[PDB]
Amino acid sequence: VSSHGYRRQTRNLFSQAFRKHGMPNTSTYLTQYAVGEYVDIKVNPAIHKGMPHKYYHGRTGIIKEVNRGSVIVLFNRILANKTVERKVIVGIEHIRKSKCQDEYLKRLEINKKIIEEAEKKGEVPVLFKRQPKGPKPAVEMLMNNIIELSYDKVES
Amino acid sequence: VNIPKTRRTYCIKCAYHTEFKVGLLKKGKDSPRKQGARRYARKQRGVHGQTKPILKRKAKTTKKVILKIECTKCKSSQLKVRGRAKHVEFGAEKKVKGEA
RNA sequence: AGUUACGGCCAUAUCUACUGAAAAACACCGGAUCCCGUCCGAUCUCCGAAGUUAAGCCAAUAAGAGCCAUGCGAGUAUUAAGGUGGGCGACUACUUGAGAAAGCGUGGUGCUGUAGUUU
RNA sequence: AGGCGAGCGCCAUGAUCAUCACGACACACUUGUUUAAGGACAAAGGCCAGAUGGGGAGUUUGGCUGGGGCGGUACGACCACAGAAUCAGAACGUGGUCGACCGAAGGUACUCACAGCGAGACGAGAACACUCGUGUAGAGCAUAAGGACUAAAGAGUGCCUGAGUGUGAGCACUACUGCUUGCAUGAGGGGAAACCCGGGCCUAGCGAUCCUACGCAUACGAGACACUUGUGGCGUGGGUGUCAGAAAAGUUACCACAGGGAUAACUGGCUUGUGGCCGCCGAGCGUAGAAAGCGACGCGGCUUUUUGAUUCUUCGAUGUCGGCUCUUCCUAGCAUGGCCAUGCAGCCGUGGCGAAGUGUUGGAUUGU
RNA sequence: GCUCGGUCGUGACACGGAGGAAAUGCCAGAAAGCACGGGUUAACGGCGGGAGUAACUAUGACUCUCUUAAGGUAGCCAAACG
RNA sequence: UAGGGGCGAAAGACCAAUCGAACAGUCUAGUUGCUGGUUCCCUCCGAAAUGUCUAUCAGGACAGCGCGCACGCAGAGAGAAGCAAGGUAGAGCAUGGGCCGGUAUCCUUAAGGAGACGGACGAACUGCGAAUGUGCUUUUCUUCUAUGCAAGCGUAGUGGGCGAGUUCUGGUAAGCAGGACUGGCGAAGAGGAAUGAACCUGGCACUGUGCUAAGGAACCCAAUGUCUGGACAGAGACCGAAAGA
RNA sequence: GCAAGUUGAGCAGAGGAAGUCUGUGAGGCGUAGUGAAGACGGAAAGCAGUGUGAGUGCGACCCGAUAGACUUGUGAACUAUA
RNA sequence: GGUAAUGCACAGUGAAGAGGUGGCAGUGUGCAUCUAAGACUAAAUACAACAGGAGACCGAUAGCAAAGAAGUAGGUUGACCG
Ligand SMILES: [K+]
Ligand SMILES: [K+]
Ligand SMILES: [K+]
Ligand SMILES: [K+]
Ligand SMILES: [K+]
Ligand SMILES: [K+]
Ligand SMILES: [K+]
Ligand SMILES: [K+]
Ligand SMILES: [K+]
Ligand SMILES: [K+]
Ligand SMILES: [K+]
Ligand SMILES: [K+]
Ligand SMILES: [K+]
Ligand SMILES: [K+]
Ligand SMILES: [K+]
Ligand SMILES: [K+]
Ligand SMILES: [K+]
Ligand SMILES: [K+]
Ligand SMILES: [K+]
Ligand SMILES: [K+]
Ligand SMILES: [K+]
Ligand SMILES: [K+]
Ligand SMILES: [K+]
Ligand SMILES: [K+]
Ligand SMILES: [K+]
Ligand SMILES: [K+]
Ligand SMILES: [K+]
Ligand SMILES: [K+]
Ligand SMILES: [K+]
Ligand SMILES: [K+]
Ligand SMILES: [K+]
Ligand SMILES: [K+]
Ligand SMILES: [K+]
Ligand SMILES: [K+]
Ligand SMILES: [K+]
Ligand SMILES: [K+]
Ligand SMILES: [K+]
Ligand SMILES: [K+]
Ligand SMILES: [K+]
Ligand SMILES: [K+]
Ligand SMILES: [K+]
Ligand SMILES: [Mg+2]
Ligand SMILES: [Mg+2]
Ligand SMILES: [Mg+2]
Ligand SMILES: [Mg+2]
Ligand SMILES: [Mg+2]
Ligand SMILES: [Mg+2]
Ligand SMILES: [Mg+2]
Ligand SMILES: [Mg+2]
Ligand SMILES: [Mg+2]
Ligand SMILES: [Mg+2]
Ligand SMILES: [Mg+2]
Ligand SMILES: [Mg+2]
Ligand SMILES: [Mg+2]
Ligand SMILES: [Mg+2]
Ligand SMILES: [Mg+2]
Ligand SMILES: [Mg+2]
Ligand SMILES: [Mg+2]
Ligand SMILES: [Mg+2]
Ligand SMILES: [Mg+2]
Ligand SMILES: [Mg+2]
Ligand SMILES: [Mg+2]
Ligand SMILES: [Mg+2]
Ligand SMILES: [Mg+2]
Ligand SMILES: [Mg+2]
Ligand SMILES: [Mg+2]
Ligand SMILES: [Mg+2]
Ligand SMILES: [Mg+2]
Ligand SMILES: [Mg+2]
Ligand SMILES: [Mg+2]
Ligand SMILES: [Mg+2]
Ligand SMILES: [Mg+2]
Ligand SMILES: [Mg+2]
Ligand SMILES: [Zn+2]
């Protein structure tokens, strides 16, 4: 039978990668955080204070409050077939800034131009949506340089 | 476990750090005049047998170390709790490193 | 263009042999009276310029070891979905999709930020 | 009121109230010695208190479990493995550990490594102390297992008792418990300072209501007022290991009741280890010679006639071992009929093939 | 287990003592029992292991060693008891 | 001589067909987590056999899944497009464990040992690493959507499950014991596999005409014939191994 | 139905009467909370009925133990012993 | 219910003439309110047999066990049963 301590089953998780042992780099400490940013959790096994519980490893959430050397992040979780919000305390050594909003922020920068012109000249924005890839395109071909294919390889 | 007989620490009444005297807490004698003692005496009185349960299936070996510390200036007291230990000594000789 | 002080990413920067280097630096170097520290002015701390490019730091060289990239291995190994497919089983063919690794070939061998100094 | 030893205790005897034996009388009480004998003793009653007490009275005698019992603890905690690469995830599944220990093995600041290997240095050897060069951990880190750590978290050296005090918010399926983190304070610590510290490098070493002991200030107190006892509030200790927590020994073949095929003792079904029977290969043996007859070391099957393994059907009932009697079926063929091989001269045999028509007995010991 | 003897200790309530305004507590005191010393199995019951050693071999009268409250005598037996 | 009492040449025997504690009557309609039963029609919606704690294991409670009444309302059991985490299958044998053999060379012996290398390996070995599955953002992103969702309040049943396909652990195995994922039977009829809870086709108000599925088409039995190769065994259509001519 | 309020308490007065009508008039809950308490104070329509679903206690959906106790109740015509 | 004694008893002990009580043990002191250890008392309240009047009750397997010669016919050794 299995046990139920705070760091159960973390032999693979919570171990350093090959040729990457030691303390964190300066960039870790010089990064500034703000309320409302999206942030991503990855535990560093060498630091023993401010570690989250291993369920949260590799998950992304939103910063709710900022303190001297730690952050409070909001998560959601299913328990007993219902949704529950959870507020997780994490030290700054175990977090990295998330990339999940990157494309959306670029798109907002384009929208922000159009939405002004749409008051002056038009009435409503064109709004620049994405579209999924359509059907295969048409082609005009010169028809020299033909290559033949054959079952010449007998494959003993 | 070895404990020194003196400890400089914060005194709540004096509101600054002071010298304290350190010793093991002592369990005092039960009083017949309290409400629980009075109730039990009356209930036991007749031909009623044993009227309250007594524990028999006991299981623990140690009990928790508890220190009483007294402020030398104002005689106020604080209670400090230290966990379970089979044996305790006050003011013995230091555990000097690198013995023969 | 190098160097030097403080750095960033942490081997394209490592490890082993050899060889070069104008100027200014960087060093080795000469002492212990004091401050400071040793079994020991070796290390650490202080006060100095008689010497020297031999060393370190910097740079080149090597069908070098190791690291980094790419091609091939290879539509190979494994795998999702499907059928009144096959086989006594062990397991395996086909149809619509996803898709490696080791080895071995070829090329590389630090890049940059802020300030100071030197034709 | 006397006496002793450098007014003290010790030794003399004289007044004041109970009081334990012993005598001698008769009045309570006792006995058909009764116009009598005993006698304040006995014997007989009453109220409290100790002792003894299966002679009796009430009651109890945990759970999980390839049925129960005996055994173990899968009953409270911790690490690793597996459970078809998030997390979770059963079995009396696998390898183990816990109920503690430590004034430093706690807190801080600085210095320097280690295990080994190759050269050296009298006694001095395999193994004594001191040196030089290499050395990504091959060492250590009190105590399982995993993770972590290199101008350190390891080994030394200095100083300190933060193993402070109030009061908030959260994480682990979250009550208890453990940990993370906010603000305010200390005539707080260590460090030049930035920084760090409200136990142990991280994941284990633990416990409610009521009662009781101690610490802390603020309350209550019966018509009024004072004091000795008492009652409230917050926090810690004293303990429940069956660990979300009753106060508890057996036996019934003299036995009762409610139920159960949720579960055993027959048969049947599935399986075939064990039991029995058959094939394949050819090392050696047979007077020569693998194979007339055998056939090691290995390998593949069939049967249900042995005993296991499991619990699907029956507990408002399927009569349980052996013998007697009587019938039918199977073949893996003991005799009787036809044949083939031979290490078949003849006699007696041995190995094989088609074949189940007819036969296969009488007794002694023993329930068999 | 039953029985006999003494106290050296413990062991109730009463009866005393000290103190306090008083209650509650405290101290002394204390029979029988218990403890301690003897008796008792036609009372309940109980009654051992290991090594060597004799002119063939076997066996061990003999020796040594551990052990106890005492180590199964006289008889009887694969017996209704192997 | 009378019931927690009698009487016994002792068997728990006997005490009015009753005795290991008599009979009569009352308290009393004693108690029951256990067995049996529980009475009219149609319409609409529709489960669970799992988790935590329990002197708990034939029982409870709390939560999860139904239904009724519903304030209200931009959502979704599906994809894309950016982004994270993971150590299984395959592949390998660089730290640790561990099997067999080595040329030149080296060390001694005149044996053996070491070896520049090759072959064989681990659920508690890893240097590399899938497919499938999981989460985050964006409708400023395709596609659907009111006969739809639905906070809140009140209250039920359930808490013995079993089986198929794909996979795993214990065991020689088992119609054996125990988990995970996606649909079933339970609570599911109809047509087909001759028959069968779960397999194939495919989800049911009540009628009438046409068409197809799965499976069939000499006869039983509604619909059948054709072409080309194999095969002779009381064979096959239903059916066992290593070994063989 | 009435509403910062609400109500068939008991009981009295009327009435050819176990009905009905009218008084007097308590109490209860509400009109705002916090603490063990001393003490302090700052949001949210209620009361009484007529019925339905549902919890708890009483025989409690219906039937069913082996047992326990109590009597100033009965029995030795069978059977035991003097 | 009565909580460091609400009421009632038994044994020891046992008052004062002045005493009792004021929902928590004790001691003191003012204040308020009563008078135990002797007796009698109407009305307003409770409920069988027997008699009278009523009813959203039951209608001969119902309603009391019993709508007729019902505690009857009949039964237990007996208590009792029907
Ligand atoms: K006389
Ligand atoms: K006389
Ligand atoms: K006389
Ligand atoms: K008894
Ligand atoms: K089992
Ligand atoms: K275990
Ligand atoms: K360790
Ligand atoms: K009072
Ligand atoms: K009063
Ligand atoms: K108290
Ligand atoms: K306790
Ligand atoms: K328990
Ligand atoms: K018993
Ligand atoms: K008997
Ligand atoms: K059996
Ligand atoms: K049965
Ligand atoms: K029989
Ligand atoms: K024959
Ligand atoms: K025959
Ligand atoms: K003998
Ligand atoms: K014998
Ligand atoms: K007799
Ligand atoms: K009998
Ligand atoms: K009786
Ligand atoms: K039950
Ligand atoms: K439906
Ligand atoms: K259960
Ligand atoms: K519920
Ligand atoms: K390996
Ligand atoms: K593996
Ligand atoms: K329920
Ligand atoms: K069912
Ligand atoms: K269904
Ligand atoms: K059919
Ligand atoms: K079947
Ligand atoms: K036909
Ligand atoms: K009810
Ligand atoms: K009954
Ligand atoms: K009177
Ligand atoms: K009748
Ligand atoms: K009669
Ligand atoms: Mg897991
Ligand atoms: Mg008493
Ligand atoms: Mg120069
Ligand atoms: Mg000097
Ligand atoms: Mg020098
Ligand atoms: Mg030079
Ligand atoms: Mg059991
Ligand atoms: Mg430490
Ligand atoms: Mg801390
Ligand atoms: Mg810590
Ligand atoms: Mg428990
Ligand atoms: Mg069964
Ligand atoms: Mg077999
Ligand atoms: Mg059989
Ligand atoms: Mg029968
Ligand atoms: Mg039957
Ligand atoms: Mg029969
Ligand atoms: Mg035959
Ligand atoms: Mg015999
Ligand atoms: Mg279940
Ligand atoms: Mg049942
Ligand atoms: Mg593999
Ligand atoms: Mg179950
Ligand atoms: Mg069907
Ligand atoms: Mg009320
Ligand atoms: Mg208000
Ligand atoms: Mg009933
Ligand atoms: Mg009883
Ligand atoms: Mg009172
Ligand atoms: Mg009629
Ligand atoms: Mg009648
Ligand atoms: Mg008669
Ligand atoms: Zn003080």
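Chain letters run A, B, ... following the sequence lines, proteins first, then strands; residues in each count from 1.
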> Using atom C1' of each nucleotide, how far apart are D:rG178 and D:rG207 to the nearest Å?
Replying inline: 14 Å
> How would you list all residue pairs meeting salt bridge (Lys or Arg N to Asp or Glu O under 4.0 Å) that involve residues 22-47 of chain A, not counting sequence neighbours?
Replying inline: A:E37-A:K97
> Considering residues at least two apart in sequence or located in another chain, which fulfil the salt bridge (charged side-chain N to carboxylate O under 4.0 Å, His left out) criterion with A:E109?
Replying inline: A:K112
> Along nucleotides 138-145 of chain D, 5' to 3', which nucleotides get a B, which get an S, and which get a -, given that the test is a protein heavy-atom distance under 4.0 Å?
Replying inline: --------
Distances under 3.5 Å between protein N/O atoms and the N/O atoms of nucleotides 56-62 of chain D, please, pair by pair.
none

> Has the side chain of A:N67 got a donor or acceptor atom sitting under 3.5 Å from an opposite partner on the base of D:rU181?
Replying inline: no
Taking only distance into account, with no hydrogens and no angle test, what donor-acceptor pairs under 3.5 Å do side-chain atoms of residues 116-128 of chain A form with protein atoms, sequence neighbours excluded?
| from | atom 1 | to | atom 2 | distance (Å) |
| --- | --- | --- | --- | --- |
| A:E117 | OE1 | A:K121 | NZ | 2.8 |
| A:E117 | OE2 | A:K120 | NZ | 2.8 |

> Where along residues 88-100 of chain B does a heavy atom fall under 4.0 Å from RNA chain D?
Replying inline: B:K94, B:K95, B:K97
> What is the distance from CD of A:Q9 to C1' of D:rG146, rounded to the nearest Å?
Replying inline: 12 Å
>> If a pair has to be Watson-Crick or G-U wobble with both distances under 3.5 Å, does that hold for F:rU209 and F:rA104?
In response: no
> Taking only residues two or more places apart in sequence, or in another chain, which ones meet A:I89 in a side chain to side chain contact (heavy atoms under 4.5 Å, CB included)?
Replying inline: A:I72
> With the sugar-phosphate defined as primed atoms, P, OP1 and OP2, and the base as all remaining atoms, what B/S/- string results for nucleotides 200-220 of chain D, 5' to 3', for protein heavy atoms under 4.0 Å?
Replying inline: -BBSS-BB---SSSSSSS---
All N/O pairs under 3.5 Å across the protein-nucleotides 75-81 of chain F interface:
none

> Quick one: stems for RNA chain C, with Watson-Crick or G-U pairs under 3.5 Å, at least three in a row?
Replying inline: C:4-9 with C:110-115, C:29-32 with C:45-48, C:67-71 with C:104-108, C:78-82 with C:94-98
>> Can you list every stem that RNA chain G is part of, counting only runs of 3 or more consecutive Watson-Crick or G-U wobble pairs with both distances under 3.5 Å?
In response: F:24-27 with G:68-71, G:5-7 with G:27-29, G:11-14 with G:20-23
> Do the ring planes of A:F14 and A:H57 sit parallel (below 30°), tilted (30 to 60°) or perpendicular (above 60°)?
Replying inline: perpendicular
> Going by an N to O cut-off under 4.0 Å, is there a salt bridge joining A:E85 and A:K87?
Replying inline: no
Strictly under 3.5 Å: I want the nitrogen or oxygen pairs between protein and nucleotides 47-53 of chain F, one per line.
none

>> Using Watson-Crick or G-U wobble geometry with both distances under 3.5 Å, which nucleotide pairs with D:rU304?
In response: none
> Of the nucleotides F:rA84, D:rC149, D:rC171, which has the atom closest to the A:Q16 side chain?
Replying inline: D:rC149
> Separation of A:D102 atom CG from F:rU140 atom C1', in whole Å?
Replying inline: 16 Å
